[PDB]
Amino acid sequence: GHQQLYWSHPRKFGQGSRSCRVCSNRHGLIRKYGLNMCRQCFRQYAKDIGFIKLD
Amino acid sequence: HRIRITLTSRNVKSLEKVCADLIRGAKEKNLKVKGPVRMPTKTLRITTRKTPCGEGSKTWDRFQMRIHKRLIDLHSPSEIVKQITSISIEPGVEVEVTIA
Amino acid sequence: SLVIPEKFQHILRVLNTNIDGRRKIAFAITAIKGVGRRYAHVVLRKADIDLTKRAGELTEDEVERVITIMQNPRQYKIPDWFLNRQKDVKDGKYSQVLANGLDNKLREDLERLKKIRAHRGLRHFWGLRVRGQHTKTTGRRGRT
Amino acid sequence: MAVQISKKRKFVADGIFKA
Amino acid sequence: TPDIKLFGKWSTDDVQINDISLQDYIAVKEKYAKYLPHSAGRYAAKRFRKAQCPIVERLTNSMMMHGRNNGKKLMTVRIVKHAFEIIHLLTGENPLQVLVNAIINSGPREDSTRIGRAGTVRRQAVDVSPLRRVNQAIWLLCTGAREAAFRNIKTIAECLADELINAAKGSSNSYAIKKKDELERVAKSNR
Amino acid sequence: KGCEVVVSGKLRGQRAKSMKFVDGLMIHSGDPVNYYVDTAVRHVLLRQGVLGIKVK
Amino acid sequence: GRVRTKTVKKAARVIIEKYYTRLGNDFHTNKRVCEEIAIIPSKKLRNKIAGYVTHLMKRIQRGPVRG
Amino acid sequence: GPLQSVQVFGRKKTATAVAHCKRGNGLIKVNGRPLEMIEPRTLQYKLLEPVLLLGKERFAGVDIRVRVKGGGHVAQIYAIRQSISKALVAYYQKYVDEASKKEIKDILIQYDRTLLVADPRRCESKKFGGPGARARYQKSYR
Amino acid sequence: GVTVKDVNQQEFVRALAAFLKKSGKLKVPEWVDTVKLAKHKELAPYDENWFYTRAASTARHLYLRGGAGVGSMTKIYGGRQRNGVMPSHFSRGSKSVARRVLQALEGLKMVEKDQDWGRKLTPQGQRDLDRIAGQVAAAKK
Amino acid sequence: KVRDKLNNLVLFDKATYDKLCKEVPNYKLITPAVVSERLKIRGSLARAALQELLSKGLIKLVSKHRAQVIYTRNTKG
RNA sequence: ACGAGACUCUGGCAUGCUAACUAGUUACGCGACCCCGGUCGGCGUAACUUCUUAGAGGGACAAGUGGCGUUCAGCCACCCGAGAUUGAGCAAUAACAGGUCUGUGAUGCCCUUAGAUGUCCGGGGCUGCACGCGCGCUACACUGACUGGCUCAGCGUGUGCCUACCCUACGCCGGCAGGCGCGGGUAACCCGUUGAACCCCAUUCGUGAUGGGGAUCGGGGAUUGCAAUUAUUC
């Protein structure tokens, strides 16, 4: 029963069920506004999205 | 028909240009039109750190993105609305037409 | 009224423990282990004792009545959840437990845990924090 | 449609698509 | 159309200041009199704008101290009103006259400042500014009331009241007069 | 009205060094840096490492 | 404090050197002249320029200026 | 037929207080309740400052209904006590010869300038690295 | 003619509590003596018949604003919860207490179930509140 | 320099009651704090004594508050 | 030439302009109640921007007056004035053996690669305590604790992609933590006029480690999850 032994653990919540959509890292995610990116990749790609520093 | 046109974008000057174009078109087409309703602006803020590691003085970033919305009312049938909205649209302005 | 009554009790002997009558009745009987400020307001609400009278000028009939209510309150319309020792581990009966009984019940619970050799009983036997918390930087009174 | 995500989420998804 | 203006129920006229050095620094004379000791503010924005502030406002602002009382102003106002009731009810005269005379008696005339290098307790004798004398008297009276009404059955409004009455005559029993005499003797000691 | 090219990384040696080449006009502060200059940061996969490019 | 910079003083010097019959002592009139005849991309710079023109002409109707 | 009215507002921090003056019997009620029953009761004199400073004869032929929202308590009290005086000044200016406006405005200015002009003060924005706008977190050495 | 807005609210609540005590048709539940009014409270109320006072306060709040149900009415009797060592937080009151108060006032002819999730006042209840306000105003004057 | 632990009395004695009703209404200022100081009585007892003296009509009141009560004597004029 | 300044965002004001049934105000009519007027965020409809929303403009420049100054750059004080020093963003040449190879399908060299230093599953640990230190929370009380009543906000978030898990008024049950059918909201529309606390009023308490403080500890009951023992949380 290797096939059903491979997924005896359901990962439907927690930190391991969510990953960054760029670098596949599971630390420091941004779940605000459905971004689902880490902080470093969000800062790297924040100019083209529209987030600009005013205040 | 009580048809409504919603006008939203990121920048404000292209939205104001296309809104003034729609108002002046409805004025030159000899038809009553209500003024643009200025919705309150939605502000999207994420405050994140600057250092990728955990070293240095604790400095934060303040990213911000404002979104504007307008409301446009007409008193015309559908083909008038399509022929006034299918000509000279801004590239950065998102438009949605709703009828009741 | 404001003048002292004749035969005023200064020290009251309730369950072989010294209780002063100089304080309010709702806060003088709380010196008994096992009863508290919330429970003192309930034992004095079912029986007719006014809460504005001191504990030294109360009458003996009222004293014996509040003794009976504080021993056996289940048949005088006191809820089961309001009691402290409910669903007992041996017989399964609801009973509010008084001072020396509270000490004895605590001693039997600790001796039961030590006999059954559970983690909590072992930590009680060692002298550690049994609820489970970071005792690395706190609790410096454990040794000298 | 039956999803109709919010006005903030639509702009965020448009920026993600552009990136 | 009021002929005169009463601080709640107290007449602001027929009061004088004996010391001519504090004529303009105590503002209780028919120009700065109000009804309540709670103004809109803007008195510490400039460099000498606080001299126009009334002394009841100054005492109300200076009374709230020690962390747990910061910002509580209406409570201090009702403490001051109950106090002024006790001063009028005990001595019999106006509370504003006792308050003004308490500034004169409990204000230091000269103080010793630090001189020399670091570490030395070498002091030089100077004299105080008249406005700084008012501030020192206000601070001393408020901290005297504070240390009187702490862990005691006496209340705060009574402890403020007995501090002002004792300071109005200088009976060497209030804490502020004792501290003022100690400052005068320690500044006269190394002159 | 100006340009600035800087090349960063290891260049004919083990210790890294940066060579900045600038001439003309170049502003850095304020809002007018945002809508005047264009800055691109790319990489070069050399045989001894990675090289940095920053032009504006 | 309030010390003017190179751009305000230089712009004021050249607008008085090139124009005198249109500019005067009133701040609002030469402010509007500096709006019309000069290309100023802001408003604080415009106001500082017009104020320095007013001060410079208050100097000129008194005595000569070497600049 | 013709009716005369004026709507004058006032504020301290964020609490606006829009007043309303027109012809009628002398009555002043804010949010339905009179001035003598406005909590807190400590500041009843501060609320009653313009009426008791100008006299009852000035408020003999005008009715006043003020709506106030926002702010806290003291800011609302200051907003109403500014709004009453501003509304009376504007009403006399609009419908009376303004010698009366001058003879109330000079003594209103002579008492406190707060009664007519606003208070240009707001809360400063918090910055990162401290619990407030100016204070900072404690810096540890060694 | 005087309404409740032109008379002091504390004396109105006390007199209305006395009036609903004197009426004797409120159907006080059995667990009123042994109950805690909110999870942030510590002791029982010192008043022995506080249900009449709570009913009077609920009636006054319903006169001031309508469309208040149970969980909306629960937010009025809130306060800080002293968490011991942890910092305090705002907490709501009890739900069954407000349910029993509004059910008792619906059983009495004072409260009418307002349409679309609310409880307005019966016009008889509004009239009764105006009599209580007028009596308090006449007693004070 | 002695601490002198305050053994205040909760209910009255036969000497405390008549010394109070002889002397305390002749005070210039009567406060629960000062009569607890000069009578060595409990704080709630002082509030009860001033309430019953106010009910008897022998003591004038000037102000009422939840944290402050001030009591005087009647006017001798 | 760069840096500063200059520039941008925000706050403070305009009873003037352009506009609002997803924001209101004022009038009129229909209602409820009190003694002819007062109250109502109860209902409906003829004007407008006074409140609200947000676009273009305007205002403040040491502009005016009196002194000091080489009468140049400037400084001090005052009147009229909403402002006569609001706050932040951006930020130069030269470097540091500063931190990050554990953010990266950024990466050179070295190591390992089936009895693995890749991978997945189950159990445990990162929480273990004679001690030392740093950032913090709660208090040492009567300007206070408890118990009722009264009354006041602004920034924000909200049904998701592989992605299950949103915010909740209302009616019932139970002290409470909570529980099924029941409606709205892709949002100035519903939560929500966000009935926030501190404060305000009135009892109880009275210098007592006390009704301050709530650490430690025993018993019971709920929700999340496949699973709570080393108590998840209440």
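All of the numbers you see were taken from the coordinates with simple rules; none came from a lab. Counting neighbours? That spans all protein chains shown, and the Cβs are built from the backbone with ideal geometry, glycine included.
Here are a few things to note about the model shown:
- Mean per-residue shielding of peptide C:69-79 is 1, counting Cβ atoms of other chains within 10 Å of each Cβ.
- Averaged over the residues of peptide H:51-58, the number of Cβ atoms from other protein chains lying within 10 Å of each residue's Cβ is 2.
- Computed over segment H:6-142, Kirkwood Rh from alpha-carbon pairs, angstrom: 16.5 Å
- Taking Cα atoms only, the orientation of helix H:74-95 departs from the longest principal axis of chain H by about 30 degrees.
- Within-12-Å neighbourhood charge of residue H:93 [Cβ basis; K, R +1; D, E -1]: +3
- Space enclosed by the convex hull of the alpha-carbon atoms of chain B, per residue, Å³: 118 Å³
- q = 0.09, 0.10, 0.14, 0.17 Å⁻¹, chain C: log10 I(q)/I(0) [Debye, one scatterer per Cα]: -0.42, -0.51, -0.82, -0.99
- With the Kirkwood sum run over all distinct C-alpha pairs, the protein assembly as shown has a hydrodynamic radius of 38.7 Å.
- Note: relative contact order over chain E, using C-alpha pairs below 8 Å and six or more positions apart, is 20 percent.
- Volume per residue of the C-alpha convex hull in segment G:6-61, rounded to whole Å³: 71 Å³
- Low-density loop cleavage sites - GluC sites (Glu not before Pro) in segment B:42-100, where at most 11 other Cβ are within 10 Å (DSSP): B:55
- Degrees, to the nearest 10: B:13-28 long Cα axis against longest axis of chain B: 10 degrees
- Over segment E:6-189, the fraction of Cα-Cα pairs per 10 Å bin, rounded to whole percents and listed from the shortest bin up, is 9, 35, 36, 16, 4, 0.
- Taking 22 Å as the limit for the C-alpha separation, the pairs E:31/H:29; C:46/I:27; B:50/D:10; B:13/B:34; E:46/E:178; D:7/I:75 exceed it in the case of E:31/H:29; B:50/D:10; E:46/E:178; D:7/I:75.
- Angle of helix H:99-111 to the longest C-alpha principal axis of chain H, folded into 0 to 90 degrees and rounded to 10: 30°.
- Kirkwood hydrodynamic radius (C-alpha pairs) into Stokes-Einstein, chain F, 20 °C and 1.002 mPa s, D in µm²/s: 168 µm²/s
- The residues neighbouring residue B:52, those whose beta-carbon lies less than 9 Å from its own, together hold a net charge of +4 under the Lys/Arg +1, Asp/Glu -1 convention.
- Rg to Rh, two decimals, where chain J supplies the alpha carbon set and Rh follows Kirkwood: 0.99
- Proximity of backbone amide H atoms, modeled 1.01 Å from N, is registered between residue B:68 and B:9 at under 5 Å, excluding neighbours fewer than 5 places apart on the same chain.
- Average Cα contact separation per residue, chain I, under 8 Å, 6 or more apart, as relative contact order %: 31 percent
- nm² value of the averaged projected area, convex hull over the Cα atoms of segment E:141-191: 3.9 nm²
- For chain A, pairs of C-alpha atoms spaced more than 16 angstrom apart make up 54 percent of the total.
- For the protein assembly as shown, a crude dipole built from +1 on the beta carbon of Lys and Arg and -1 on the beta carbon of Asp and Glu, taken about the Cα centre, is about 4980 debye to the nearest 20.
- Span per principal axis, largest first, for the Cα atoms of segment C:80-144 (Å): 41, 25, 21
- For residue J:63, the amide hydrogen comes within under 5 Å of the amide hydrogens of J:70, counting only partners 5 or more places away or on other chains and with H modelled in the peptide plane.
- Evaluated at q = 0.09 Å⁻¹, the base-10 log of the normalised Debye intensity for chain I, with identical point scatterers placed on the Cα atoms, takes the values -0.29.
- Nonlocal amide H pairs with residue C:12, under 5 Å, H built at 1.01 Å: C:19, C:20, C:21
- Shielding of peptide E:66-74 by partners, expressed as the average count of other chain Cβ atoms within 10 Å per residue Cβ, is 1.
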